[PDB]
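Take a look at this single chain, the form solved without this ligand, given in structure tokens.
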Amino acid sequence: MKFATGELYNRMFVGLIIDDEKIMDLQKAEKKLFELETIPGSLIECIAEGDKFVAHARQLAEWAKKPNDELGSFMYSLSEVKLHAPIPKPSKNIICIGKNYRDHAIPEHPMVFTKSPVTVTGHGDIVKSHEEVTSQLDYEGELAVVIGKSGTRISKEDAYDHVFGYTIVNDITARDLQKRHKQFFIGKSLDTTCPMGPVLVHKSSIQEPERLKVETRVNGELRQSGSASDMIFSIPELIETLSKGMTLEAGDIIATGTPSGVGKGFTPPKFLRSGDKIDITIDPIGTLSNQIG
């Protein structure tokens, strides 16, 4: 159950990855197979429909396995399709956790800040180097959770009820602008500094998110490697705290923090330069790859 926002011949569509060489255009698939048009035009709208959207999508996928002559019109090879961020335009800033792995800091309450929606970009998209502004761009591979069901004062016990699914984020950061403005917003909210994707995997496919593992490579070289079980604050705890006096809405994105291995962490620090390739891998979400322009 891997959802995505794809683009093909100047149409943007909500897709479902089938086997990982094919993407189904859900609106067009619904139209041929069920002669219905109910599936909305964006993944955030779909997320708001909840479990029934996903059930509908499961059924479309199984009906697409049964033979018919018009596959080419709603089933496309991934090679031919540009993947945008699963949610190209969040309705609010991405909620980011700071220092949530033990050796990254090297915290009794979560440190929480945000990235502007203007940061959001997709798999394969160029990240601006922003050579005026900063010479301390840094990578941060993270597990992102997407809220699927609005709520406030959500307890830990039912936190996963409010989760839709998981994606990858690269929380790219200007380290000098962080220090300069004290609060992290400006250094966290440069244009194109939030690669997201390549897909949004529904939680029904990830029964054990504690066993999720994030891995970051820079120009092929492994930099980060952490496990979600090592998080200081678990996903349920973050949801409990975040929602204590605030409403979490369908489509809200929480970046749950980066492990150690960031560029600032090294003596000589390793900041990003033009041409650098960043690949972040979390199975079974896949790999989020971006290049510095």
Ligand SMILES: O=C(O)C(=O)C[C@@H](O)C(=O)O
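Numbering starts at 1 and follows the sequence shown.
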- request: Can you count, per the entry, how many deposited residues between residue 106 and residue 107 come without coordinates? Answer none, 1 to 3, 4 to 9, or 10 or more.
  value: 4 to 9
- request: Check the entry's C-alpha temperature factors for 61-69 and 41-49, then say which stretch has the higher mean.
  value: 61-69
- prompt: In the PDB record, does 97-105 or 218-226 carry the higher mean Cα temperature factor?
  reply: 97-105
- request: Kindly indicate the residue among 146, 154, 87, 190 with the greatest C-alpha B-factor in the PDB record.
  value: 154
message: I'd like to know which of 207, 121, 91, 116 has the highest C-alpha temperature factor in the PDB entry.
response: 207
query: By its CA B factor, does residue 8 count among the lowest, middle or highest third of the modelled residues in the chain?
result: middle
- request: Rank-wise, by C-alpha B-factor, drop residue 202 into the lowest, middle or highest third of its chain.
  value: lowest
message: Using only modelled residues of the chain, where does the Cα B factor of residue 258 rank: lowest third, middle third or highest third?
response: lowest
message: Where does the C-alpha B-factor of residue 31 rank in its chain, lowest, middle or highest third?
response: highest
statement: residue 133: CA temperature factor from the record, placed by chain third, in the highest
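One more form of this protein exists, namely the form solved in complex with this ligand; it is left out here, but the text below deals with it.
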field: Proximity to this ligand in the bound PDB entry (heavy atom, within 4.5 Å), stretch among 234-242, 256-264, 61-69, 25-33
entry: 256-264
query: in the bound PDB entry, which of the listed residues (85, 146, 97, 94) lies with a heavy atom within 4.5 Å of this ligand?
result: 97
message: Can you confirm whether 113, 171 and 175, the three residues that make up this candidate site, all sit within 4.5 Å of this ligand in the bound PDB entry, judged by heavy atoms?
response: yes
query: Even though this ligand is not shown here, does residue 184 get within 4.5 Å of it in the bound PDB entry, heavy atoms only?
result: yes
message: Residue-level question: is residue 217 within 4.5 Å of this ligand in the bound PDB entry, judged on heavy atoms?
response: no
message: Does any part of residue 123 reach within 4.5 Å of this ligand in the bound PDB entry? Heavy atoms only, please.
response: no
message: Even though the partner isn't displayed, in the bound PDB entry is residue 104 close enough to this ligand, meaning a heavy atom within 4.5 Å?
response: yes
message: Under the 4.5 Å heavy atom criterion, name the residues of 131-153 that approach this ligand in the bound PDB entry, in sequence order.
response: 140, 142
